[PDB]
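# model the following, please.
(2 chains)
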Amino acid sequence: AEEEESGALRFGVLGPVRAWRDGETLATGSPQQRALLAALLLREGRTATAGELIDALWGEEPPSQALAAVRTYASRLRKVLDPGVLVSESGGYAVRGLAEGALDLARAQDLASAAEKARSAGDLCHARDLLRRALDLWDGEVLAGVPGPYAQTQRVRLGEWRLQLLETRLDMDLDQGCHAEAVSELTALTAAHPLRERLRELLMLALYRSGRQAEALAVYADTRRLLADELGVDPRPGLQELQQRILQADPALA
DNA sequence: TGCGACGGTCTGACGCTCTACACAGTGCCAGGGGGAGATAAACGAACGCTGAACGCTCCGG
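Numbers count the residues shown, from 1 in each chain, chains lettered A, B, ... in the order given. Okay, here it is:
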């Protein structure tokens, strides 16, 4: 609310496709139109040619004469957004005029870099506040209802980035002395995603000092059974090592 | 025709690499046909919405 300046046009990709024009919404339109606007939004303002956008929306088999289709999608964007916010060069399309804080993705990289800098500087309160602001950026599933295998690619990429971001958040929560909300979040995420080894290692680390041992190794045994049933291999050596040092109960990491 | 000499013609002129690089003085505008590119409509299909309807276990007086 403190960064809501006059004339600000805010764009959002981490949650669904929406536009905020000084507090009032804009109709982003068709799902393919939403995917087109998102594809322009991921490229931080390239002039990207018509064939590349056609491939981004659809992939291997776009209809043959659908170049005029993308043309009229561009017309839709130009009449629903500002005339000058979208400009065309040599047949390519480009959204400019994006200030700081206009895109939630740019704010996400900014907050991640600030958290990394604070971790390098050894600060904890400012980094915790930065990642608290960062976890409020995503709203539900990223890229809600957009077609295209391209959109699937940045969907899985942003999901993986969110996974490492929450891994770092939970890790600093564990090292600074937070366990209750930590184990709550880890249990919720392992309920959501059952086949991540790193989050279950985080479960072991969090429960190891919060006063919980039986269900931690029960969850580990369930992980071993599912990983043997679905993969039939052995887990990472760092895991077995973490369970090992746990077993002799070293109070060094208290 | 035989002679020389006069002449044009033509060719290469051992070998790689450590090295190795680029290149310059004098017109002008209007009219007109294409095609990319923005606009709003439009043909077609399916995607939602209306709860309704088929049918089971159900706690039940």
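
# what's the local residue count around the residue in chain A that DNA strand B sits nearest to?
Taking C-beta to the nearest atom of the strand, DNA strand B has its nearest neighbour within chain A at residue A:91, 2.8 Å off. For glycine as for every other residue, the C-beta is placed from the backbone atoms N, C-alpha and C. Neighbour count for residue A:91, taken as other C-beta atoms under 10 Å: 13.

# which residues sit in contact with the closest residue to it other than its chain neighbours?
Leaving out its chain neighbours, the residue that sits closest to residue A:91 by C-beta to C-beta, 6 or more residues apart in numbering is residue A:50, at 5.2 Å. Residue A:50 makes contacts with A:67, A:70, A:91, A:92, A:93, as judged by C-beta atoms under 8 Å, 6 or more residues apart in numbering.

# residue A:49 is in contact with the first one, correct?
Going back to what we said before, that points to residue A:67. No. Using C-beta atoms under 8 Å, residue A:67 makes no contact with residue A:49, being 11.0 Å away.

# related to what we said a few turns ago, please report how far the residue of chain A closest to DNA strand B lies from residue A:47.
Counting by C-beta to C-beta, to the nearest Å, the gap from residue A:91 to residue A:47 is 9 Å.

# which residue, other than its chain neighbours, is closest to residue A:98?
Looking at residue A:98 with C-beta to C-beta, 6+ apart, the closest residue is residue A:45, at 6.4 Å.

# that should have said residue A:215, apologies.
Counting by C-beta to C-beta, 6+ apart, residue A:207 is the residue found nearest to residue A:215 once chain neighbours are left out, at 7.3 Å.

# quick one: that neighbour from residue A:218, how far?
In terms of C-beta to C-beta, residue A:207 sits 11 Å off from residue A:218.

# ok, now residue A:239?
15 Å.

# of these two, who's got more company?
A direct count of neighbours by other C-beta under 10 Å for residue A:239 and residue A:218 places residue A:239 higher, at 18 against 10.

# list the residues that contact that one.
Residue A:239 is in contact with A:197, A:200, A:201, A:204, counting by C-beta under 8 Å, 6+ apart.

# from what I see, the first one and residue A:236 are in contact.
Yes. Under the criterion of C-beta under 8 Å, residue A:197 makes contact with residue A:236 at 5.9 Å.

# spell out which parts of chain A neighbour DNA strand B.
Residues of chain A that fall close to DNA strand B, judged by C-beta under 7 Å from any atom of the strand: A:50, A:67-68, A:71-72, A:74-75, A:78-79, A:83, A:88, A:91, A:93.

# residues contacting the residue nearest to residue A:94 when sequence neighbours are not counted?
With C-beta to C-beta, 6+ apart as the criterion, residue A:94 has its nearest non-adjacent residue at 4.3 Å, and that residue is residue A:47. Counting by C-beta under 8 Å, 6+ apart, residue A:47 touches A:88, A:89, A:90, A:92, A:93, A:94.

# distance-wise, check residue A:247 relative to residue A:197.
Relative to residue A:197, and taking C-beta to C-beta, residue A:247 is found at 18 Å.

# neighbour count winner among the two?
Just comparing residue A:247 and residue A:197: by other C-beta under 10 Å the higher neighbour count belongs to residue A:197, 13 against 9.
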